[PDB]
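Chains K, D, A, E, B, F, C and J, in that order, are what the protein sequence lines are. Counting in the entry's author numbering, the first sequence runs from 1 upward without gaps. Counting in the entry's author numbering, the second sequence runs from 1 upward without gaps. Counting in the entry's author numbering, the third sequence runs from 5 upward without gaps. Counting in the entry's author numbering, the fourth sequence runs from 5 upward without gaps. Counting in the entry's author numbering, the fifth sequence runs from 10 upward without gaps. Counting in the entry's author numbering, the sixth sequence runs from 10 upward without gaps. Counting in the entry's author numbering, the seventh sequence runs from 1 upward without gaps. Counting in the entry's author numbering, the eighth sequence runs from 1 upward without gaps. Working notes, beginning with the structure itself.
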Amino acid sequence: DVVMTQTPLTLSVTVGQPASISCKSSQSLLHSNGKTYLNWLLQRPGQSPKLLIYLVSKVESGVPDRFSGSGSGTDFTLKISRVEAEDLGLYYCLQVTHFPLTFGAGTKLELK
Amino acid sequence: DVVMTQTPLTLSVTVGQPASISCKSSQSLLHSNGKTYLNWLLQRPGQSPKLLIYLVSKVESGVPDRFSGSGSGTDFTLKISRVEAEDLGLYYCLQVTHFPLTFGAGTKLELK
Amino acid sequence: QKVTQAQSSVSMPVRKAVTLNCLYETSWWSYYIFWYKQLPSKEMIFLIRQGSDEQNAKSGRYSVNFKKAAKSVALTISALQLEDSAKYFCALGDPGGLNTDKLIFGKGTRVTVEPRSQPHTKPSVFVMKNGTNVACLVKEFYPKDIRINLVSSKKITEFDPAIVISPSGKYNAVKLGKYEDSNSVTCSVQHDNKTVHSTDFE
Amino acid sequence: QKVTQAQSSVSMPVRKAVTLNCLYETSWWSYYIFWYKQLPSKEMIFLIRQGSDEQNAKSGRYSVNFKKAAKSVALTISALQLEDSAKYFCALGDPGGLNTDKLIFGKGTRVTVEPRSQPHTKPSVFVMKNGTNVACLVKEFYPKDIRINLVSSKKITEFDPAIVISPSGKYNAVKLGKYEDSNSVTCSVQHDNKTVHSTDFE
Amino acid sequence: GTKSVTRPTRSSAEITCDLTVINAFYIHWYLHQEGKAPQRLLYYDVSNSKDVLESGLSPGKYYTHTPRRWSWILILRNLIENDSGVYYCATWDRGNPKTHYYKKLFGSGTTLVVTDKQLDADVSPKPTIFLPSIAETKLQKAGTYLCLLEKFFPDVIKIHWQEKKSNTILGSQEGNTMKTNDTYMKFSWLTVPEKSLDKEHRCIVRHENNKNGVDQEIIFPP
Amino acid sequence: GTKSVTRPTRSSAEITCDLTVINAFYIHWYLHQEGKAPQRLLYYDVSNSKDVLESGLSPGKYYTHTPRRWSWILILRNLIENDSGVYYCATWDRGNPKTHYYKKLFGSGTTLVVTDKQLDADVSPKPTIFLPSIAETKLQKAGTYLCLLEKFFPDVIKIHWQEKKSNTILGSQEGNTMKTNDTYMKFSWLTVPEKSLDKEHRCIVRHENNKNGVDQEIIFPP
Amino acid sequence: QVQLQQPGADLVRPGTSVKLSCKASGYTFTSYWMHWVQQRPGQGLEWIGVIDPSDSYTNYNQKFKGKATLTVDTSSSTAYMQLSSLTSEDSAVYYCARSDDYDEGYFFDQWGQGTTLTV
Amino acid sequence: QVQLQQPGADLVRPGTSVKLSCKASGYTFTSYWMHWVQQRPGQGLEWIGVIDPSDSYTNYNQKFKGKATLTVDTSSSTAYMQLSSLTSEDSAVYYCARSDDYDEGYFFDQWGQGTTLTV
Ligand SMILES: *[C@@H]1O[C@H](CO)[C@@H](O[C@@H]2O[C@H](CO)[C@@H](O)[C@H](O)[C@H]2NC(C)=O)[C@H](O)[C@H]1NC(C)=O
Ligand SMILES: *[C@@H]1O[C@H](CO)[C@@H](O[C@@H]2O[C@H](CO)[C@@H](O)[C@H](O)[C@H]2NC(C)=O)[C@H](O)[C@H]1NC(C)=O
Ligand SMILES: *[C@@H]1O[C@H](CO)[C@@H](O)[C@H](O)[C@H]1NC(C)=O
Ligand SMILES: *[C@@H]1O[C@H](CO)[C@@H](O)[C@H](O)[C@H]1NC(C)=O
Ligand SMILES: *[C@@H]1O[C@H](CO)[C@@H](O)[C@H](O)[C@H]1NC(C)=O
Ligand SMILES: *[C@@H]1O[C@H](CO)[C@@H](O)[C@H](O)[C@H]1NC(C)=O
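What follows is the structure, given as structure tokens:
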């Protein structure tokens, strides 16, 4: 089936340094409908996960402008221009174009 | 049923003397058709009987004019104006209007 | 065309011959005349067809006495059986070369065959009963003149006697009535000036 | 009067809404407009009747967008089910006060309900055989785009694959063929750029 | 093949054609009322499948259904009292070794009765049979059964005796139909010799309004 | 109550009215061909028992038989290729608690096919069923029966699965009719879970030209 | 000339059914009935029965009913009697005679020679 | 404000079927799917299944198929899961989330508080 793979799977990043998290898929995520689906979800430890990025490029309302998304084909990447104290937690790239709805391995954000 | 009765049932009559034989019936012989039936039959001994008188009054052809018939109701009578040597034998009055077809007792003709 | 049959009811003895008339008026030059028999079971059976330009045709026991200028044809039936009691229809037919041509029938006469002229016979009288119904049976009398009388006290309904021909050649009569006293009924037959009772045979 | 329906074939997802047009020309003052549904079993079922002098009537999931001067009425079906795939006929009716009045129908459109927009699913492939006939079965694939190929050597006759909706909400396909070597056939599915063989599950 | 069909007023009636002829070209229909001459009502052309009515008849009253090949049925609408009678299905015959055109083959005839048929109750024949009198067989040495039927409205009734099996058809004298109030009544009898009382006899009565839609059967004691 | 009637050219056809309405006053008849709008052919007045044809139709072609009370049948003569289609028996409805005159009740519709029907052989459906694949139940844990029918001329065919008893109606996807030479062919399938293979299933196929004049029944292995 | 003749005589054992014949010639055999009549020795005639050949219609005496059966062969113009259960008393002279149509005068036109049946 | 809440926690014995609920309010409950997702302690999320309330159309993960049954009560606007054959490994935090129509952008709009199901 479809399985996601997150490359760094850990990131001890200090404040103010932009960072990039890349995830790849076994098969293309370009739906026959005409869109590609990849949700970048942020899980703050102790509470429920919140959605950061939907439709690869777009960003959910109520989210700071530092977060951004890019990529295509089978490889995508989330970018954080500015890393703050509220970005620490876990990050998942989630693929919904194929029904098994596989989740990513999980990227843990830490600080130096 | 219907039964005939001959009164004399014997007649020793000499030549040339007219004779009368009467027979009576229990019921009237007037058929609903419109006729009465009474046959006077002559049986010469040794041969088959021959019919003398039919329909009471009429006479069969080939018979001498001496024989005649009369009567009505329930009583009839055969008359022989002249008695000859060829009239000897037996005589029957036969009734056919009722189906049992009863025959008469029989009148024997003899000579003195 | 118009076909009329004069006779309304004809009765003949067995083994005799009968003749039925048929008057008709036509307009064509050449025509045909057919005779049909209708049994009591309503079955029209073809009997004979006489060619107008032909002689008096004969078919079995049926003959036609036809003359071209007569404008009247009679059917003669010889040696009448007992099953010839039927209704005879005379039909006039247009030239049969076409298939639309119809037959125009007359009112039709009726033929009945009584037993031959026979000597008288004393009939036998019997009584049957199942329930309130009572049946008086009279057997084997040739003279049709008969008067079956049922003697009882509570006659509720009465039916006219049925008189039919028998296979033996004589007449059988049956009279049906409704009586409360089923076993108290008697039968009297006034046939040929003689009286017959039902108990004379018991 | 004359009624024409523009659409010839309409396809909509489940739980969505569809609209079918009906153009018509009339001459009377007051008329009526009816909508009828014909199932695949040929059963005309009444859907809605819109009073000409009345407002836009609503009956269940069916609505009519009617304006007196529009001379065109459209039927809106909301929350489409899966059993609504039928033939829709638009009928114009003369004033129904009399009983001789007829309904004049249009050519009628066709409505099909495809499964809702769904994520892709890998279909499962199996093979059945009884005699020379061979059946290739493909189960549970959402994208209709599919190419079932039967690989053998003595294809005598072939039948176009039948693709239907399933109770699960996805597509089932069956392809039937005639093959002398019944057990020597293989199945290949070129679905969603990926290849599936029948032996991948044995 | 004789039959009767009873129908109410304003109903529709079907009359079957008993002819089994083949490759016919025209089928004529004849009406025979009581006391009147038979007269043709119409004729159906099967080459063009069109029925032609005799002059003086209202169109839309008759019809010649052809449900199968070589099978015809006449259909009557708006039945009224006058419609009763007997209906014959007839046809000419074409060709012969000697071209006589001898006859016009006629059907078995079907009686049609038109009644009110709204106050009509059950009018199937109800048998009340009779037993032989012992005094009769005492001297005459024979038995005379009597199968009585009563209270039936359609007078078209066929009573014949078959003893135990159909092959034994016995001649049985029969009286004429007698009208009792609105219904009819009939009675038949059979005389059997000494070598007949050891079996059972049936007066197999056929009637249109008979129960179960089939002919009755009345067993007699031996 | 759907049905099909196949007839040759020049024959006559009967189409039954499935409406069970009571005290009706008019009965309209609608023809629906393929690719064309439904159109009314005639309407029968039962008050006067007279059928009125739409303008432009030749009289003597149709008829509205009424064999019983509240039962109607349309009779067609001189059948030709154009006569095929679907026939609907329809009627308006009179009265209501709220006088809507809402609808025109429509019949079940009867398909009529007109063919040559002289070179036609026996065209009853001939089933060639299929068995579940063991590999399919090996992992998917289900069985997929397949009831195949072939070589039937009247395409009006109703295939539904009833398992062992009629109360068990199973949803069964079915492919469209496929034309093979002059005849037609069809195939249906049913998917059953693990708790279904212990019984027997029947694809009860109803077809007009089916043998014995009754619907077939094909038993499946468990 | 009309002529009916019969076998001259016959001798049978008791208990054996016998057959008697009356050959007729010289006239229309159909139009006239045939009457069989017995005659015991020393007694008058006794009517046995009548057979009509055209319709083969037969009537028998009440006493002789069943004992005597009358039949006709129209092809050969013959009339036969079958006698059953012969005993001592069933020996007599048997005669066949010709009758008429009963509507225009009934009579016994001619007689045969008879047959003296003895047991 | 759209809000979905779940029971805070639950403690059951192994081998007992359990029922989980996700109460939703403040939005059109019909127009959005409901996705159930599990989370093992110390591991990432794992999708369980999806239920469409309008048509009650449910899809399940291959591994969790049969174990979890999804149902909806539209009258009370609730979504329930039935868990069968509970064992040691079937203890995790279960979450309900809201989705969109998949044709104009798919996302997980909101999440509940979850429920830490322990055996
Ligand atoms: C008198 O009539 C009654 C009424 O039919 C006869 O009773 C029938 O007897 C037969 C004998 O086989 C039964 O099968 C019928 O069911 C009886 N019918 C009834 C009771 O309605 C009775 O037998 C007649 N009496 C006779 C012939 O002596
Ligand atoms: C393949 O098709 C044949 C032909 O129909 C099937 O044979 C039938 O088997 C059933 C079993 O109940 C019998 O009742 C029928 O009489 C058979 N029909 C015949 C011999 O014509 C056969 O079962 C099918 N193979 C399968 C299902 O595996
Ligand atoms: C699509 O198919 C091509 C065939 O060459 C293959 O190279 C490519 O990887 C496939 N893509 C996916 C996503 O399966
Ligand atoms: C006829 O009947 C009357 C009745 O008085 C009777 O006197 C007479 O004798 C009867 N005749 C016959 C021949 O029975
Ligand atoms: C007809 O039945 C009535 C019933 O009251 C009865 O009074 C009358 O006598 C019957 N008539 C006949 C002719 O049977
Ligand atoms: C029709 O049958 C003929 C028989 O010769 C065959 O050649 C042909 O291929 C068949 N066609 C179809 C479409 O089945």
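Where a beta carbon is used, it is the ideal one built from N, C-alpha and C, also for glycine.
Cβ-based burial, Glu162 (chain E) [other Cβ within 10 Å; buried from 16]: In the fourth sequence, residue 162 (chain E) corresponds to position 158, counting from 1. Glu162 (chain E) should be labelled exposed.
Spatial distance of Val2 (chain D) from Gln27 (chain D) (CA atoms): Walking along the second sequence from the start, residue 2 (chain D) turns up at place 2. Walking along the second sequence from the start, residue 27 (chain D) turns up at place 27. C-alpha separation (whole angstroms): 7 Å.
Helix, strand or coil: how does DSSP classify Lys204 (chain F) here? In the sixth sequence, residue 204 (chain F) corresponds to position 195, counting from 1. The three-state reading of DSSP puts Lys204 (chain F) in helix, counting H, G and I together.
Please indicate yes or no: does the CB of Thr189 (chain B) lie closer than 6 Å to some heavy atom of ligand 5? The sequence position of residue 189 (chain B) within the fifth sequence is 180, counting from 1. Yes, Cβ of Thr189 (chain B) sits closer than 6 Å to a heavy atom of ligand 5.
Given a cut-off of 7 Å, decide if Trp101 (chain F) and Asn103 (chain E) are closer than it, judged by their beta-carbon atoms. Position 99 of the fourth sequence holds residue 103 (chain E). Position 92 of the sixth sequence holds residue 101 (chain F). Contact flag set, yes.
Is it the case that the CB of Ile31 (chain B) approaches a heavy atom of ligand 1 more closely than 6 Å? Position 22 of the fifth sequence, counting from 1, holds the residue named residue 31 (chain B). It does not: the Cβ of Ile31 (chain B) is nowhere closer than 6 Å to a heavy atom of ligand 1.
Is any heavy atom of ligand 1 found at a distance shorter than 6 Å from the C-beta of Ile36 (chain B)? By 1-based counting over the fifth sequence, the position of residue 36 (chain B) is 27. Flag unset: Cβ of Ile36 (chain B) not near ligand 1.
Complete runs of the beta strand (DSSP E) confined to the stretch 109 to 197 of chain B [at least 3 residues]: Fully enclosed beta strand (DSSP E) runs of 3 or longer: 113 to 115, 119 to 123, 152 to 161, 166 to 170, 187 to 189.
Quick check: the Cα distance between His41 (chain B) and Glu63 (chain B), rounded to an integer number of angstroms? Taking the fifth sequence and counting its residues from 1, the one referred to as residue 41 (chain B) is at position 32. Taking the fifth sequence and counting its residues from 1, the one referred to as residue 63 (chain B) is at position 54. Distance between the alpha carbons of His41 (chain B) and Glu63 (chain B): 15 Å.
Is any heavy atom of ligand 4 found at a distance shorter than 6 Å from the C-beta of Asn197 (chain A)? As a position in the third sequence, residue 197 (chain A) is number 193, starting the count at 1. Within 6 Å of the C-beta of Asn197 (chain A) there is at least one heavy atom belonging to ligand 4.
Tell me the rounded alpha-carbon separation between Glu226 (chain B) and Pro136 (chain B). Along the fifth sequence, read from residue 1 onward, the residue named residue 226 (chain B) stands at position 217. Along the fifth sequence, read from residue 1 onward, the residue named residue 136 (chain B) stands at position 127. If you draw a straight line from the Cα of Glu226 (chain B) to the Cα of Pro136 (chain B), it is about 10 Å long.
For the stretch 10 to 33 of chain J, which residues have a beta carbon sitting closer than 8 Å to at least one beta carbon of chain E? Residues: none.
Using 6 Å as the cut-off, classify the Cβ of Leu140 (chain F) as near or not near the heavy atoms of ligand 2, replying yes or no. Within the sixth sequence, numbered from 1, the residue matching residue 140 (chain F) stands at position 131. The answer is yes for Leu140 (chain F).
With hydrogens ignored, establish whether the beta-carbon of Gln43 (chain D) is closer than 6 Å to any heavy atom of ligand 4. To locate residue 43 (chain D), count along the second sequence from 1; it is residue 43. Flag unset: Cβ of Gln43 (chain D) not near ligand 4.
Could you give the distance in angstroms between the alpha-carbon of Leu45 (chain C) and the alpha-carbon of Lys62 (chain A)? One-based indexing of the seventh sequence puts residue 45 (chain C) at position 45. One-based indexing of the third sequence puts residue 62 (chain A) at position 58. So the two alpha carbons sit approximately 46 Å from each other.
Is the beta carbon of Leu30 (chain D) less than 7 Å from the beta carbon of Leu42 (chain D)? Here residue 30 (chain D) refers to the residue found at position 30 of the second sequence. Here residue 42 (chain D) refers to the residue found at position 42 of the second sequence. No, the Cβ-Cβ distance between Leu30 (chain D) and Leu42 (chain D) is not below 7 Å.
Residue(s) in a DSSP beta bridge with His37 (chain B): Position 28 of the fifth sequence, counted from the first residue, corresponds to residue 37 (chain B). Bridge partners of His37 (chain B): B:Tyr52, B:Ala99.
Nearest residue (CA-CA) to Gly44 (chain B), options A:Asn137, A:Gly110, A:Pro127, A:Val138: Locating residue 44 (chain B) in the fifth sequence gives position 35, counting from the first residue. Comparing Cα positions, the closest option is A:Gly110.
Could you tell me if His109 (chain B) is buried or exposed, where buried requires 16 or more neighbouring beta carbons within 10 angstroms of its beta carbon? Mapped onto the fifth sequence, residue 109 (chain B) falls at position 100. Exposed: under 16 other Cβ atoms inside 10 Å.
Taking the straight line between their C-alpha atoms, what separation do you get for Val15 (chain D) and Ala85 (chain D)? Working through the second sequence from its first residue, we reach residue 15 (chain D) at position 15. Working through the second sequence from its first residue, we reach residue 85 (chain D) at position 85. Between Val15 (chain D) and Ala85 (chain D), the C-alpha separation is close to 7 Å.
I want to verify the contact list: residues of chain B whose CB lies under 8 Å from the CB of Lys150 (chain F), in sequence order. Taking the sixth sequence and counting its residues from 1, the one referred to as residue 150 (chain F) is at position 141. Around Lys150 (chain F), no beta-carbon contact reaches into chain B at under 8 Å, the shortest distance being about 55 Å.
Report yes if the CB atom of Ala22 (chain B) is closer than 7 Å to the CB atom of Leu114 (chain B), and no otherwise. Sequence index remark: in the fifth sequence, residue 22 (chain B) carries index 13 (1-based). Sequence index remark: in the fifth sequence, residue 114 (chain B) carries index 105 (1-based). No. Outside cutoff.
Taking the runs of the beta strand (DSSP E) that are 3 residues or longer, which of them lie wholly in the stretch 20 to 77 of chain J? Whole beta strand (DSSP E) segments, 3+ residues: 34 to 39, 45 to 52, 57 to 60, 68 to 73.
Selected residue, minimal CA-CA separation from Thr29 (chain F), among F:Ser142, F:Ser117, F:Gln149: Within the sixth sequence, numbered from 1, the residue matching residue 29 (chain F) stands at position 20. Of the listed residues, the one whose Cα sits closest to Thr29 (chain F) is F:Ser117.
Measure the beta-carbon distance from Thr36 (chain D) to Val59 (chain D) and round it to whole angstroms, keeping in mind my assumption that it falls under 8 Å. Residue 36 (chain D) sits at position 36 when you count from the first residue of the second sequence. Residue 59 (chain D) sits at position 59 when you count from the first residue of the second sequence. Their Cβ separation, rounded to whole angstroms, is 16 Å, which puts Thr36 (chain D) and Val59 (chain D) out of contact at 8 Å.
Three-way DSSP call (helix, strand, coil) for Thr102 (chain K) in this model: To locate residue 102 (chain K), count along the first sequence from 1; it is residue 102. The answer is coil: DSSP assigns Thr102 (chain K) none of H, G, I, E or B.
Proximity to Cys22 (chain C) [Cα-Cα], best of C:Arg13, C:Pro14, C:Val50, C:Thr16: Locating residue 22 (chain C) in the seventh sequence gives position 22, where the first residue counts as 1. Out of C:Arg13, C:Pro14, C:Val50, C:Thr16, C:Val50 has the C-alpha closest to the C-alpha of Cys22 (chain C).
Is there at least one non-hydrogen atom of ligand 2 closer than 6 Å to the beta-carbon of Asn137 (chain E)? If you number the fourth sequence from 1, residue 137 (chain E) lands on position 133. No heavy atom of ligand 2 is found nearer than 6 Å to the CB of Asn137 (chain E).
Where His201 (chain E) falls, given that 16 or more other Cβ within 10 Å makes a residue buried: Here residue 201 (chain E) refers to the residue found at position 197 of the fourth sequence. If you draw a 10 Å sphere on the C-beta of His201 (chain E), you find fewer than 16 other C-beta atoms in it, and that means exposed.
Here's the rule I'm using: 16 or more other beta-carbon atoms within 10 Å means buried, otherwise exposed. How should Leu157 (chain B) be labelled? Here residue 157 (chain B) refers to the residue found at position 148 of the fifth sequence. So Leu157 (chain B) counts as buried.
In three-state DSSP terms, what is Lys24 (chain K)? Position 24 of the first sequence, counted from the start, is the residue given in the question as residue 24 (chain K). Strand at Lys24 (chain K).
Neighbour list for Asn33 (chain K) in chain E, Cβ cutoff strictly below 8 Å: Your numbering for residue 33 (chain K) matches position 33 in the first sequence. What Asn33 (chain K) touches in chain E: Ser121.
Close-in-space but distant-in-sequence residues of the same chain around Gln11 (chain A) (CB under 7 Å, 5 per side omitted): Sequence index remark: in the third sequence, residue 11 (chain A) carries index 7 (1-based). Spatial neighbours of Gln11 (chain A) in its own chain (CB-CB distance under 7 Å, excluding positions within 5 residues in sequence) are listed in chain order as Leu24, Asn25, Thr113.
By the three-class DSSP mapping on this structure, what secondary structure does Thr7 (chain K) have? For the purposes of this step, residue 7 (chain K) is identified with residue 7 of the first sequence, where counting begins at 1. Coil at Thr7 (chain K), not helix or strand.
Does any C-beta atom of chain B lie closer than 7 Å to the C-beta of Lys107 (chain F)? One-based indexing of the sixth sequence puts residue 107 (chain F) at position 98. When Cβ-Cβ separations below 7 Å define contact, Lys107 (chain F) makes no contact with chain B.
What are the residues that DSSP puts in a beta bridge with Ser13 (chain B)? Residue numbering aside, residue 13 (chain B) sits at position 4 when the fifth sequence is read from its first letter. Answer by DSSP bridge pairing, in chain order: B:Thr120.
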